[PDB]
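The lines below spell out each chain.
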Amino acid sequence: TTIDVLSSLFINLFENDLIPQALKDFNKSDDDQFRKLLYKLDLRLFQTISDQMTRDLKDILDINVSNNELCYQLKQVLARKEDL
Amino acid sequence: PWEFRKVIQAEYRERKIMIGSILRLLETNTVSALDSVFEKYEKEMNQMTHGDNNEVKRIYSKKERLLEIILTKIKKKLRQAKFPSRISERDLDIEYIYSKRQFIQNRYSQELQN
Amino acid sequence: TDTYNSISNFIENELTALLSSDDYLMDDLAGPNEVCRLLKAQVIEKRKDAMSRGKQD
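The scheme used for residues numbers each chain from 1 in its written sequence order. That scheme is not guaranteed to match the entry numbering, and residues without coordinates are omitted from view. Numbering of ligands from 1 and lettering of chains from A proceed in the order in which they are written. Scope of values: limited to the chains shown, which are part of a larger assembly. Note that the side-chain values use all heavy atoms of the structure and ignore hydrogens as well as water. Residues with missing side-chain atoms are left out of burial classes, side-chain pairs and their counts.

- Looking at the method and resolution fields of the entry, one finds cryo-EM and 3.7 Å.

## Observations concerning the interface of chain A and chain C
Then, in step 1: Listed per partner, the contact involves eight residues of chain A and six residues of chain C.
Then, in step 2: Put simply, buried area is the surface a 1.4 Å probe can reach on two separate parts but cannot reach once they are joined, added for both. Surface buried jointly by chain A and chain C totals about 490 Å² across both partners, of which 47% is contributed by carbon and sulfur atoms.
Then, in step 3: The working definition used for a salt bridge is a side-chain nitrogen of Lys or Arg within 4 Å of a carboxyl oxygen of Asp or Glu. Taken together, the connections running from chain A to chain C amount to zero salt bridges.
Then, in step 4: Nitrogen and oxygen atoms within 3.5 Å of one another constitute a polar contact, given that in protein one can donate a hydrogen and the other can accept it, and given that sequence-neighbouring residues count only through two side-chain atoms. If you look at where chain A meets chain C, you find one residue pair in polar contact.
Then, in step 5: Where helices and strands are cited, they refer to DSSP runs of H or I of at least four residues and of E of at least two residues respectively, numbered from the N terminus. The element that contributes the greatest number of residues to the side of chain A that touches chain C is helix 2 (residues 36-83) of chain A, accounting for seven residues.
Then, in step 6: Residues are grouped as follows: nonpolar covers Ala, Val, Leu, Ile, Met, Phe, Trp, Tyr, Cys and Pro; charged covers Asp, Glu, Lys and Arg; every other residue, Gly included, is treated as polar. Here the side of chain A that touches chain C is built from residues that sort into two nonpolar, one polar and five charged. In what follows, residue pairs with any heavy atoms lying within 4.5 Å of each other are defined as contacts.

## Quick word on the side chain of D62(A)
Then, in step 1: Note that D62(A) resides in helix 2.
Then, in step 2: Overall, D62(A) belongs to the buried group, its relative accessible area being 7%.
Then, in step 3: In contact with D62(A), other than residues within four places in its own chain, are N67(A) and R53(C). Three exposure classes are used, based on accessible area relative to the maximum for each residue type with a 1.4 Å probe and protein chains only: buried under 20%, partly exposed in between, and exposed over 50%.

## Some points on the interface of chain B and chain A
Then, in step 1: Contacts between chain B and chain A engage 45 residues on the former and 35 residues on the latter.
Then, in step 2: Taken together, both faces of the contact between chain B and chain A bury some 3800 Å²; the carbon and sulfur share is 76%.
Then, in step 3: Between the two partners, chain B and chain A, sit zero salt bridges.
Then, in step 4: The greatest single-element share of the side of chain B that touches chain A, amounting to nine residues, is contributed by helix 4 (residues 53-79) of chain B.
Then, in step 5: Counted by class, the side of chain B that touches chain A contains 27 nonpolar, seven polar and eleven charged residues.

If you want it as structure tokens, here you go:
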């Protein structure tokens, strides 16, 4: 109820304002070779931030399922070995 | 986007350290990212910083200062937002649960050969 | 002997992590910015549900 909302609120937070802020700013500064730094250095920042969090928020969204399945998987194999 | 509560109040009707706990989870995520991919992109610094360490410091200060002004903005936007305390900063950390997965998958392995 | 640790290392990092990192690095080296930084926004949308940990377990 609150895990998914926090996951959706934060991914939309960067994607709607912060990621475009780095994207829109970089669209102008390309003549000055040093001004290419700040905004694409900023672009690589939030763009990867959304990259690993979606690999981290989904990680806790799968590890609470995969391990739950694995804990389930641990049950019948324990129900096998005890039965053995 | 911004204005959490207007969305959040419209959300939580169809279903502060805790708020700070969520807040410091952003800090861990936004600072490790501020570092981890910085060296992955650091090999491009020399060719476009014109061999100037001051320009390297200039971007670091600007890439930082542009974050706390939002970090203060996100702090003031998160306090006004409300959440139920069903989240732990330990659980959201990948390493704590990845190690727990390692223990669980290993425990699944010793009994497998048993 | 616990062969599961060795096999898990082979299919977790030796296989999947290598291909992911190589894809990102080599396609980045293929460049300019826009073409590679967009063509991979649609690979997540169509290779999804293929890197979930449970089903590769």
